[PDB]
Amino acid sequence: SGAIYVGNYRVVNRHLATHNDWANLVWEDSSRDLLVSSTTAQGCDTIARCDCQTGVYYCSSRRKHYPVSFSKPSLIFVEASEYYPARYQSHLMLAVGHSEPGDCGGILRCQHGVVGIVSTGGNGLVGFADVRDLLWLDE
Ligand SMILES: COc1ccc2c(n1)[C@@H](C(=O)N1CCC[C@H](C(N)=O)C1)CC2
Ligand SMILES: [Zn+2]
C-alpha cells in the first residue's frame, strides 16, 4: 500500500484505488496501473522532472529503503492477475531488488523527488509506475 500526495491530488495504483478515489476521479490509466483522485487537503510531495536511472525505493515487506538502478519507462508484459488480464504495461521501470504483493505503493525517489511507485515485481525484479511525465500534477 501507498500513495503520492502533490498539491490537490492523490496518486495511487489503479488496482488498489478505493471507492473515494473513484468518486473523486481526475484521471486513470489501466495500461499504466495509475489512478489520480482529488483531495481537499494540500500535498507536500515534490515530483522529480528528470531522466534519472538511480534512486531509493521503500519496500514495506522488509520495512527498509533500498538504493536501485532502474530502466527507462517502457512497455513491459505483465502476467495475468485478479485485477488485469495478460497485457503490456506502459511507463514501467524495472530494477533488481526485492518486492512481493503488498509492496505496491512504495515510493521510488531520486535527488529531484518522487519518480514513481511500486506496481509490479517478482524473481528479484521490482517494477515502478513512472509519474515524472504527468506535468499536470504540478500545474
Ligand atoms: C510488487 O511486487 C510484486 C511481487 C510479486 C508479485 C506481484 N507484485 C504481483 C504483481 O506484480 N501484480 C499483481 C497486481 C497488479 C500488478 C500490475 N501492475 O499489473 C501485477 C504478482 C506477484
Ligand atoms: Zn528526479
# chains A, B, ... in the order shown; residues from 1 in each chain; ligands from 1
>>> residues_near_ligand(ligand="ligand 1", cutoff="6 Å", atoms="only C-alpha atoms and all ligand atoms", output="PDB file with N, CA, C and O atoms, in the first residue's frame")
ATOM      1  N   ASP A  33      -1.454   1.219 -14.711  1.00  0.00           N
ATOM      2  CA  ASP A  33      -1.792   0.878 -13.321  1.00  0.00           C
ATOM      3  C   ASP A  33      -1.824   2.202 -12.501  1.00  0.00           C
ATOM      4  O   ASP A  33      -1.471   2.185 -11.318  1.00  0.00           O
ATOM      5  N   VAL A  78       3.068  -7.940 -18.494  1.00  0.00           N
ATOM      6  CA  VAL A  78       2.752  -8.284 -17.124  1.00  0.00           C
ATOM      7  C   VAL A  78       1.737  -9.422 -17.157  1.00  0.00           C
ATOM      8  O   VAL A  78       0.693  -9.316 -17.813  1.00  0.00           O
ATOM      9  N   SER A  81      -3.566 -11.303 -13.523  1.00  0.00           N
ATOM     10  CA  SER A  81      -3.809 -11.162 -12.089  1.00  0.00           C
ATOM     11  C   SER A  81      -5.323 -11.028 -11.851  1.00  0.00           C
ATOM     12  O   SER A  81      -6.088 -10.928 -12.822  1.00  0.00           O
ATOM     13  N   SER A  99      10.785  -7.385  -3.928  1.00  0.00           N
ATOM     14  CA  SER A  99       9.402  -6.949  -3.954  1.00  0.00           C
ATOM     15  C   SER A  99       8.478  -8.147  -3.850  1.00  0.00           C
ATOM     16  O   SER A  99       8.762  -9.199  -4.412  1.00  0.00           O
ATOM     17  N   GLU A 100       7.366  -7.987  -3.147  1.00  0.00           N
ATOM     18  CA  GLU A 100       6.328  -9.005  -3.056  1.00  0.00           C
ATOM     19  C   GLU A 100       4.932  -8.337  -3.004  1.00  0.00           C
ATOM     20  O   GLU A 100       4.857  -7.119  -2.803  1.00  0.00           O
ATOM     21  N   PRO A 101       3.808  -9.069  -3.243  1.00  0.00           N
ATOM     22  CA  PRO A 101       2.485  -8.404  -3.210  1.00  0.00           C
ATOM     23  C   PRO A 101       2.280  -7.809  -1.822  1.00  0.00           C
ATOM     24  O   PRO A 101       2.545  -8.487  -0.815  1.00  0.00           O
ATOM     25  N   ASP A 103       3.816  -4.617  -1.560  1.00  0.00           N
ATOM     26  CA  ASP A 103       4.794  -3.560  -1.735  1.00  0.00           C
ATOM     27  C   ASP A 103       4.325  -2.461  -2.688  1.00  0.00           C
ATOM     28  O   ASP A 103       4.865  -1.353  -2.610  1.00  0.00           O
ATOM     29  N   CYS A 104       3.292  -2.730  -3.553  1.00  0.00           N
ATOM     30  CA  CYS A 104       2.707  -1.734  -4.483  1.00  0.00           C
ATOM     31  C   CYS A 104       2.343  -0.466  -3.698  1.00  0.00           C
ATOM     32  O   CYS A 104       1.753  -0.583  -2.637  1.00  0.00           O
ATOM     33  N   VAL A 118       5.805   1.573  -6.697  1.00  0.00           N
ATOM     34  CA  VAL A 118       5.872   0.145  -6.979  1.00  0.00           C
ATOM     35  C   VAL A 118       4.556  -0.311  -7.593  1.00  0.00           C
ATOM     36  O   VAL A 118       3.485   0.124  -7.150  1.00  0.00           O
ATOM     37  N   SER A 119       4.642  -1.075  -8.681  1.00  0.00           N
ATOM     38  CA  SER A 119       3.467  -1.513  -9.387  1.00  0.00           C
ATOM     39  C   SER A 119       3.515  -3.005  -9.681  1.00  0.00           C
ATOM     40  O   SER A 119       2.473  -3.652  -9.682  1.00  0.00           O
ATOM     41  N   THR A 120       4.717  -3.547  -9.984  1.00  0.00           N
ATOM     42  CA  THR A 120       4.923  -4.975 -10.266  1.00  0.00           C
ATOM     43  C   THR A 120       6.180  -5.502  -9.494  1.00  0.00           C
ATOM     44  O   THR A 120       6.846  -4.750  -8.790  1.00  0.00           O
ATOM     45  N   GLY A 121       6.492  -6.779  -9.648  1.00  0.00           N
ATOM     46  CA  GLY A 121       7.670  -7.378  -9.061  1.00  0.00           C
ATOM     47  C   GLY A 121       7.683  -8.879  -9.230  1.00  0.00           C
ATOM     48  O   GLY A 121       6.743  -9.466  -9.780  1.00  0.00           O
ATOM     49  N   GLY A 122       8.730  -9.503  -8.723  1.00  0.00           N
ATOM     50  CA  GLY A 122       8.866 -10.949  -8.793  1.00  0.00           C
ATOM     51  C   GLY A 122      10.170 -11.384  -9.424  1.00  0.00           C
ATOM     52  O   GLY A 122      10.598 -10.795 -10.413  1.00  0.00           O
TER      53      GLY A 122
END
>>> residues_near_ligand(ligand="ligand 2", cutoff="9 Å", atoms="only C-alpha atoms and all ligand atoms", output="MDAnalysis selection string")
chainID A and resid 47:53 55 109:115 132
>>> closest_atom_pairs(of="range 32-128 of chain A", to="range 16-26 of chain A", cutoff="7 Å", atoms="only C-alpha atoms", output="tab-separated table")
residue	atom	partner	partner_atom	distance
A:36	CA	A:26	CA	5.6
A:37	CA	A:25	CA	4.5
A:38	CA	A:24	CA	5.4
>>> atom_distance(atom1="CA of residue 34 in chain A", atom2="CA of residue 13 in chain A")
4.9 Å
>>> select_by_dssp(residues="chain A", states="strand (DSSP E or B)", output="count of residues only")
68
>>> closest_residue(among="A:45, A:82, A:133, A:139", to="residue 107 in chain A", atoms="only C-alpha atoms")
A:45
>>> residues_around(residues="residue 105 in chain A", least_positions_apart="2", cutoff="6 Å", atoms="only C-alpha atoms", output="list in words")
residues 1, 2, 3, 117 and 118 of chain A
>>> write_last_selection(atoms="C-alpha atoms", output="PDB file, in the first residue's frame")
ATOM      1  CA  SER A   1       0.000   0.000   0.000  1.00  0.00           C
ATOM      2  CA  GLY A   2       0.974   3.652  -0.533  1.00  0.00           C
ATOM      3  CA  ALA A   3       0.213   6.886  -2.423  1.00  0.00           C
ATOM      4  CA  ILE A 117       5.527   3.929  -7.227  1.00  0.00           C
ATOM      5  CA  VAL A 118       5.872   0.145  -6.979  1.00  0.00           C
TER       6      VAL A 118
END
>>> select_by_dssp(residues="chain A", states="alpha helix (DSSP H)", output="number ranges by chain")
A: 19-23
>>> residues_around(residues="range 85-91 of chain A", least_positions_apart="4", cutoff="6 Å", atoms="only C-alpha atoms", output="list in words")
residues 31, 32, 73, 74, 75, 76, 77, 78, 79, 80 and 130 of chain A
>>> atom_distance(atom1="CA of residue 96 in chain A", atom2="CA of residue 5 in chain A")
26.1 Å
>>> closest_residue(among="A:136, A:7, A:106, A:95", to="residue 41 in chain A", atoms="only C-alpha atoms")
A:7
>>> closest_residue(among="A:68, A:116, A:56, A:125", to="residue 12 in chain A", atoms="only C-alpha atoms")
A:116
>>> atom_distance(atom1="CA of residue 46 in chain A", atom2="CA of residue 138 in chain A")
8.6 Å
>>> closest_residue(among="A:10, A:62, A:98, A:72", to="residue 42 in chain A", atoms="only C-alpha atoms")
A:10
>>> closest_residue(among="A:6, A:123, A:97, A:131", to="residue 59 in chain A", atoms="only C-alpha atoms")
A:97
